[PDB]
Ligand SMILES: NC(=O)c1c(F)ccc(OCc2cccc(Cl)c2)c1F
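Before any questions on binding or motion, here is one chain by itself as structure tokens, the form deposited without the named molecule.
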């Protein structure tokens, strides 16, 4: 069984993350671009491009009207179903607040879930300087996303203001937000790709993300002494997340290292995750021994059950 992963960007921000992720390099992952704006769709790097609402918008965007984005997605449902067909897992990424992403993303996610695919949502909330009316429209879209996905990850754009200095280019900040989705997809792709000493597969991912709600996906790489503890702290500690690790009652943790991987340091990483959750976590533990890795360790964490 080779799992089919698809990343679908809905709207301007979602299709921007898709384009940037394609530049960074992402194989075995098929990309789908959905948008009402034909101008931006023509500039997409994705192999599957779907233009919605051409009759409602005449090629333009939703003009901040979520109703238009929702109607455009439903009118093009069969075109979305065809592009998704065959996918075992789908990542719907979109920026909430606008018309297309706010109204179309929940429709694309509902279609994916009804297509029988594991549907994960990675959406952003608008900056506070964009106004309160846009934060309210984004909340409705977030609530609509949570009802149509198996698992949801919200990234408030204000958190970007915490990881930047006064000169950080805006594009460099957006790339930090893109890492949440990209590395979460790569971690899942790597898990299904290699057979581990303590093996986890796509069935484990389904059991941890199926019909849960909020979730956290993080990866952490470290070296030297205390690498296990430091890697685990990086995988669960992200300043861009609305849903933290605290309160998680279900975790899928995979530690990847060389032949030096110690049982003692594996328990350290697990304890770090459970202690940080401050809950009695139902954990699914896996271990992969990559002899190429020298003194570096990788901790992948998928946390749900909030």
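Residue numbers count along the first chain shown, from 1.
Keep in mind that the form deposited with the named molecule bound is missing from the display, and what follows is about it.
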- Note on the structure: in the bound PDB entry, the residue from 230, 88, 75, 190 with a non-hydrogen atom within 4.5 Å of the named molecule is 190
- Since exactly one of 139, 147, 163, 194 fits, which has a heavy atom within 4.5 Å of the named molecule in the bound PDB entry? 194
- Item | Candidate stretches 139 to 147, 78 to 86, 108 to 116, 180 to 188, one within 4.5 Å of the named molecule in the bound PDB entry by heavy atom | 180 to 188
- Item | 4.5 Å heavy atom contact, residue 203 to the named molecule in the bound PDB entry | no
- the named molecule contact at residue 19 in the bound PDB entry, heavy atom, 4.5 Å: no
- Query: Should residue 301 be classed as touching the named molecule in the bound PDB entry when contacts are defined as heavy atoms within 4.5 Å?
  - Reply: yes
- Is the gap between residue 236 and the named molecule in the bound PDB entry 4.5 Å or less for some heavy atom pair? no
- Item | Residues within stretch 234 to 265 having a non-hydrogen atom within 4.5 Å of the named molecule in the bound PDB entry | 252, 254
